[PDB]
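Data first, discussion second: the structure below is written as structure tokens.
In the deposited numbering, the protein residues as written are 9 to 144.
Below, the structure written as structure tokens:
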């Protein structure tokens with residue numbers, strides 16, 4: 009409920025929109041100029057750890073969406089998860105920007121479990137599978 013300037017760019021909306029249809033795999037975007045959100049590094053199936061870490065930066069507020077199929081309904085099911093980066097021990101502007109963008113990300117990421125977790129706590133594959141498997 010900050011509302012300052014941070015807003016999701018058209019490019020981001022299109023990237024996530026297509027990603028939801030299993031266009032690649034996952035998409036990672038970050039906030040630029042704390043006003044306009046831009047893409048930093050897009051996935052496809054399983055980017056390298058070197059490039060993944062090199063691109064990602066544990067500090068600024070970033071959002072990564074991953075599309076994974078499951079058999080919760082019966083078989084041919086698809087569920088996308090949204091993980092936000094924002095360590096409590098990070099920065100003040102970073103934690104604030106998260107809320108300023110969360111409002112605009114709410115409508116953008118409709119139907120996706122959005123959770124904020126920093127460090128391994130945010131990249132916990134087990135947490136993602138457990139969340140989607142539970143559907144809560």
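Each residue gets a CB set at the ideal place from its N, CA and C atoms; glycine is no exception.
Handout entry: N-terminal and C-terminal residue of the alpha helix (DSSP H) that residue 32 is part of
Key = Numbered from its first residue, the chain shown carries residue 32 at position 24. Premise fails: residue 32 is in no alpha helix (DSSP H) and is neither H nor E.
Practice task
Please classify residue 128: does DSSP put it in a helix, a strand, or coil?
Solution key: Translated into positions along the chain shown, residue 128 becomes position 120. In this structure, residue 128 counts as helix in the three-state DSSP scheme.
Handout entry: Terminal residues of the beta strand (DSSP E) in which residue 49 lies
Key = One-based indexing of the chain shown puts residue 49 at position 41. Here the beta strand (DSSP E) through residue 49 covers 44-50.
Problem - Which listed residue (11, 76 and 114) has its alpha carbon closest to that of residue 138 - result: As a working mapping, residue 138 is identified with position 130 in the chain shown. Cα-wise, what sits closest to residue 138 is 76.
Exercise for the section: Taking residue 69 as the reference, give the member of 92, 85 and 83 with the closest Cα. Expected result: The residue you call residue 69 lines up with position 61 of the chain shown. Of 92, 85 and 83, the residue nearest in Cα terms is 92.
Handout entry: Bounding residues of the beta strand (DSSP E) (the contiguous stretch that carries residue 72)
Key = As a working mapping, residue 72 is identified with position 64 in the chain shown. Looking at the DSSP string, the run of the beta strand (DSSP E) that includes residue 72 is 70-78.
Exercise for the section: Can you say whether residue 128 is buried or exposed, counting buried as having 16 or more other CB atoms within 10 angstroms of its CB? Expected result: Within the chain shown, the letter at position 120 stands for residue 128. Looking at its Cβ environment, which holds fewer than 16 other Cβ atoms inside 10 Å, residue 128 is exposed.
Exercise for the section: Would you grab the beta carbon distance between residue 108 and residue 37 for me? Rounded to a whole angstrom, and I think it's under 8 Å. Expected result: One-based indexing of the chain shown puts residue 108 at position 100. One-based indexing of the chain shown puts residue 37 at position 29. Not quite, the Cβ-Cβ distance comes to about 15 Å (not below 8 Å), so this is no contact.
Exercise for the section: Output the distance between the C-alpha atoms of residue 43 and residue 94, rounded to the nearest integer angstrom. Expected result: The residue labelled residue 43 in the question sits at position 35 within the chain shown. The residue labelled residue 94 in the question sits at position 86 within the chain shown. Cα-Cα distance, rounded: 17 Å.
Problem - Sufficient close CB pairs (3 or more, under 8 Å) joining the stretch 14-32 to the stretch 54-61 - result: no
Handout entry: Sub-7 Å separation of residue 16 and residue 112 beta-carbons
Key = Your numbering for residue 16 matches position 8 in the chain shown. Your numbering for residue 112 matches position 104 in the chain shown. Taking 7 Å as the Cβ cut-off, residue 16 and residue 112 qualify as a contacting pair.
Practice task
Might you give, ordered along the chain, the residues of its own chain that have their beta carbon closer than 8 Å to the beta carbon of residue 19, omitting 5 neighbours on each side?
Solution key: For the purposes of this step, residue 19 is identified with residue 11 of the chain shown, where counting begins at 1. Same-chain partners within the cutoff: 46 and 47.
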